[PDB]
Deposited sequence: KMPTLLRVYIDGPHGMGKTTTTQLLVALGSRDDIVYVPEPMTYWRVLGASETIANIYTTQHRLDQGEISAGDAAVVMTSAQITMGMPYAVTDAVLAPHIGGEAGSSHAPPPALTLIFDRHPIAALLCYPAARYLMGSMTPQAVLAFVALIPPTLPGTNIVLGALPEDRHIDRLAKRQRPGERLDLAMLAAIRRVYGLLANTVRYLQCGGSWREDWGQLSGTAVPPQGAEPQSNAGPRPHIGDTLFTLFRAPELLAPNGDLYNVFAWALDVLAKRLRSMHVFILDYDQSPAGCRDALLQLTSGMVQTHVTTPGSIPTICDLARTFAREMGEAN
């Protein structure tokens, strides 16, 4: 069978993810590699009207005390649903074509973000910003699609000071450093969570230890430095002080989805050509998969180009 390499570039906004992705794709001959962009057109038009603008405006009205947490939550939850839809459909239509983990790839697919960005990371950050309930975050977690083989996720490293400057320059967006801190924190926790699970970590065994860096290598993190720490909140706790079982089961799903992921860390604290070449070096250690039919390769190619055409800027 021919092989496929899927690479999801993810992490907080404003790091240079999208530029880096385009540069890497520009290296390949036209169809040895395809780009799957942020579905900006879906967010701004097809899915709803100006969803990004809606998100930042809602947070700002919450902060200013012009709306309640509950009103902010229903708007945020509904908008996060819209944000994630194209990621969910894409994953769903790709799924049957993906075979077992497997000599250059017949096809390389570079994604701008994985489904977990809209289904986990952004909701979790909004929870920290007080604009989503943790119960709602856990409903999104429960709906994270089964993690396909050869799911290579590239997350970003970048000093906060540089990141802030970068954001202050390079939508419907408003400048919110608090949200930036939360989303940086959330993606840091995510990297640690995958590494914790790969090192044999069991959240149920470590839950009692709760009371309040790079990845795919290094020692096992403390549970308090993983995403599990966010979910010890009064809303989720039964009178006896344990998590309600329904929420505990959502954490089980979280562990199952993240544990089979292949995380790599890319240093964004450099020029665009630098990030590209750094990303190119990283791909050597990334996991390829087989496809399930011979004509899966052109089918996948067409899906990606159709998607890009319809929804990328």
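*Asks:* Report the unmodelled segments of the deposited sequence as residue ranges counted from 1.
*Replies:* The deposited sequence has unmodelled segments at 1, 104-108, 177-178, 221-229, 331-332.
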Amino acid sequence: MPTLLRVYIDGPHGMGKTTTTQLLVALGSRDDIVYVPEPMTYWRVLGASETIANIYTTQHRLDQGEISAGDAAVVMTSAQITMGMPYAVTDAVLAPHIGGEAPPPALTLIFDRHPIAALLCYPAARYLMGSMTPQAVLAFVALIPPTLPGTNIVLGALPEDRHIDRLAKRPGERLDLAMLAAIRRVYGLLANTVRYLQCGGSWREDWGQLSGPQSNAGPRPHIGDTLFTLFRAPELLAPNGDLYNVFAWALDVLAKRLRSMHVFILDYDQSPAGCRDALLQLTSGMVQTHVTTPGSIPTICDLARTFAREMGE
From here on, numbers count along this sequence of modelled residues.
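Superpose the two forms; the largest set of C-alphas matching within 1.5 Å is the rigid core.
*Asks:* Line up the rigid core: which moves more in 8 other deposited structures of this protein, 128-136 or 161-169, by C-alpha RMS?
*Replies:* Comparing 128-136 with 161-169, the larger C-alpha deviation in 8 other deposited structures of this protein belongs to 161-169.
*Asks:* Taking the other compared entries of this protein, do a third or more of them lack coordinates for residue 226?
*Replies:* No, residue 226 is modelled in every other compared entry.
*Asks:* When the other entries of this protein are compared, is residue 214 unmodelled in at least a third of them?
*Replies:* Residue 214: unmodelled in at least a third of the other compared entries.
*Asks:* Can you let me know which of the two, 21-29 or 300-308, has the higher average C-alpha B-factor in the entry?
*Replies:* The entry gives the higher C-alpha B-factor average to 21-29.
*Asks:* If you average the CA temperature factors over each stretch, which comes out higher, 129-137 or 157-165?
*Replies:* Stretch with the higher mean C-alpha B-factor: 157-165.
*Asks:* Tell me, please, which of 150, 123, 224, 241 has the highest C-alpha B factor according to the deposited entry?
*Replies:* Of the candidates given, the C-alpha B-factor peaks at 241.
*Asks:* Between 184, 114, 204, 232, which one tops the list for Cα B-factor in this entry?
*Replies:* Among 184, 114, 204, 232, the PDB entry lists the largest C-alpha B-factor for 232.
*Asks:* Split the chain's modelled residues into thirds by Cα B-factor; is residue 1 in the lowest, middle or highest one?
*Replies:* Highest third of the chain for residue 1's C-alpha B-factor.
*Asks:* Considering every modelled residue of the chain and its Cα B-factor in the PDB entry, is residue 92 in the lowest, middle or highest third?
*Replies:* Residue 92: CA B-factor falls in the middle third of its chain.
*Asks:* Taking the chain's C-alpha temperature factors as the reference, tell me which third residue 253 falls into: lowest, middle or highest.
*Replies:* As the PDB entry reports it, the C-alpha B-factor of residue 253 lands in the lowest third of its chain.
*Asks:* Quick check on the deposited entry: does the C-alpha B-factor of residue 63 sit in the lowest, middle or highest third of its chain?
*Replies:* It belongs to the highest third of the chain when residues are ordered by C-alpha B-factor.
*Asks:* Should residue 245 be placed in the lowest, middle or highest third of its chain by the C-alpha B factor in the entry?
*Replies:* Tercile = lowest for this residue's CA B-factor.
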